[PDB]
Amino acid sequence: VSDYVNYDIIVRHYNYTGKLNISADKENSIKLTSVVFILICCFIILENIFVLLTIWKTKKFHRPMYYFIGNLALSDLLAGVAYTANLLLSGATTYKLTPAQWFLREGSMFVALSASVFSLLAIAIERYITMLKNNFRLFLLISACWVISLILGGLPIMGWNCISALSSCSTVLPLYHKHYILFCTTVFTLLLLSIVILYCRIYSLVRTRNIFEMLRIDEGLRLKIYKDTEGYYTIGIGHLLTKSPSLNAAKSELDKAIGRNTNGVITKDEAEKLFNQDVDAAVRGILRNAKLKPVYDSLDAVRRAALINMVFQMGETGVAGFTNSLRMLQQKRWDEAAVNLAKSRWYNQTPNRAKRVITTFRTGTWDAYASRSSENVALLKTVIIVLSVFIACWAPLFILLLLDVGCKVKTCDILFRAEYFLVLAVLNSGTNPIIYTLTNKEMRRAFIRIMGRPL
C-alpha cells in the first residue's frame, strides 16, 4: 500500500496480462530492434521538419490547406519524438517506470494519433470549401485540434484507467481500461468513416461542377430568354426552347420544363436543373452510338466532358461526322485529332470555343478553363492517397484493439506478439512526406527549391 506512483502496479498489470515472465525473451534482439527503430524515427523527424520548412519558406504554400498539412506534419513529428522516447522507456525499462510515467508514455502516442485524425479531417473539409465559397479562425482550429487531442489522449491519466480493475485491463496496453480503447477505436473509425464518405461526395460534386463551369464559358448563362446566333430562342446554358421564332412559344416550353409561370426569367438553380437535363440527354446520345461510346469508355473524366461539350453544341450525328478525329482519340493520339478538328467547319465557325475543347483533348486538364482550380485536381488526388495509406496502416491495430476488448485475459495469442501492428502504425508518420514528393509535382518542385543550409 502506497501512492499509485509505485512500480509494483506495473508488475501486477503485466503479470495479469501474461507479459512479466515473457519479458526476458529476445532481450538481445530487442536492443537491435530499438537502436534501428530510433534511426528510422530520427529520419521521420527530419521528413516532417522538411514538410514544415517548405510551407514556412514558399509564399504560394501559405494557403489554408498547407497550414493543416503542416499541422499534420507536426502530429507525425511529435509522434516520432514520442516513439523515440517510447523505445527508450519500453522493454526492460517498462518496469523501471511509475504508473504516471507509464500513462504519460503511452498517452503521448494517443495524443499524436488523435491530432493526426483531426488534422486529416481539417484537410478533408477544406477540399469541400474550395469548390463552393479568415486566417485567425485557422489558428483557433489548429489550437482546438491539439486541445481536444490532449483531453481525448490524457483522460486515462486523470481517472479512466484499470489499476484496481484487472478484469477490465487490455493485454496489449496493460494499464489501459478495455472500454477506453473501444471508445478511442470507435471514435477514430467513425471520424475516418466521415472522411471516406466526404471524399466520395467531393470527387462526385467536383465532377459535376467541372462539366458545369466548362459550359458556363462555352455557351454562357442566361436568366431571361434570348435568341441564338442561328435564329431560335434559347435560355441558360444553350437550352434550345423552340425552333419557332415566337417569344411566347419559348415562354410556353420554358414553363413546361420548370413547372411554373416565369414570364422569361428563371432562377440560377432552375437553369442548372435544366442544364443537367441537356447534359444527361447528350450523355445518353453518346452511350447509343457505335463510334462515340467506345471513345467515351477509353477517355478520362476531363476528356470525357470534352466530348460531352462537343455533343452539347452540334449533337449525336454532328460529332459522329468526325470519324477521322474519333479514331485518333481512341488510339490515344491527342495531337493528331487536334489538327483534324482545327481545319474542320467547327473550328472555322466558333474558333475561340473549339480551341478550349481541343486543348482539353490535347492537355487532358482544365488549364484552358480554370487557372488555379485545375491545379487543385492533383492537390486533392494526392490527399485521398494520404488517407488511403493512413487507413491501411492503423486499421490492423484498430482491429487488434477491438479484438482485445472482446477477449479474455491470456487467451488470444495474436494480442501477445502484436508488436508488428504497433510498428506499422508508427511507420505511417514517415509515409506522408514521401507521398507528397511522389504524387504531387507542384509540391516536389517547392521541396527541391529549398536547398539552403542556413535557411
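Start at 1 with the first residue shown and count on from there.
A.B. asks: Note how many residues of the deposited chain are left out of the model between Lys133 and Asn134; the options are none, 1 to 3, 4 to 9, and 10 or more.
C.D. replies: Going from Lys133 to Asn134, the model skips 4 to 9 residues of the deposited sequence.
A.B. asks: Would you tell me which stretch averages the higher CA B-factor in the PDB entry, 301 to 309 or 94 to 102?
C.D. replies: Looking at the recorded C-alpha B-factors, 301 to 309 comes out higher on average.
A.B. asks: Could you check the entry and say whether 320 to 328 or 109 to 117 has the higher mean CA B-factor?
C.D. replies: Averaged over C-alpha atoms, the B-factors run higher in 320 to 328.
A.B. asks: Quiz for you: based on the deposited Cα B-factor, which of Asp278, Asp76, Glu230, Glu272 is highest?
C.D. replies: Checking the PDB record, the top C-alpha B-factor among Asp278, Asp76, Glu230, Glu272 is at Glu230.
A.B. asks: By the CA temperature factor listed in this entry, which of these ranks top: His179, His239, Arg372, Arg284?
C.D. replies: Highest C-alpha B-factor among the listed options: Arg372.
A.B. asks: Within this chain, which third does the Cα B-factor at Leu438 fall in: lowest, middle or highest?
C.D. replies: Middle third of the chain for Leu438's C-alpha B-factor.
A.B. asks: Considering only modelled residues of the same chain, in which third does the CA B-factor of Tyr226 rank: lowest, middle or highest?
C.D. replies: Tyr226: CA B-factor falls in the highest third of its chain.
A.B. asks: C-alpha B factor of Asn428, ranked within the chain: lowest, middle or highest third?
C.D. replies: Middle third of the chain for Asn428's C-alpha B-factor.
A.B. asks: Please place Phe139 in the lowest, middle or highest third of its chain by C-alpha B factor as given in the entry.
C.D. replies: Highest third of the chain for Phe139's C-alpha B-factor.
A.B. asks: In terms of the CA temperature factor given in the entry, to which third of its chain does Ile235 belong: lowest, middle or highest?
C.D. replies: Middle third, going by the recorded CA B-factors of the chain.
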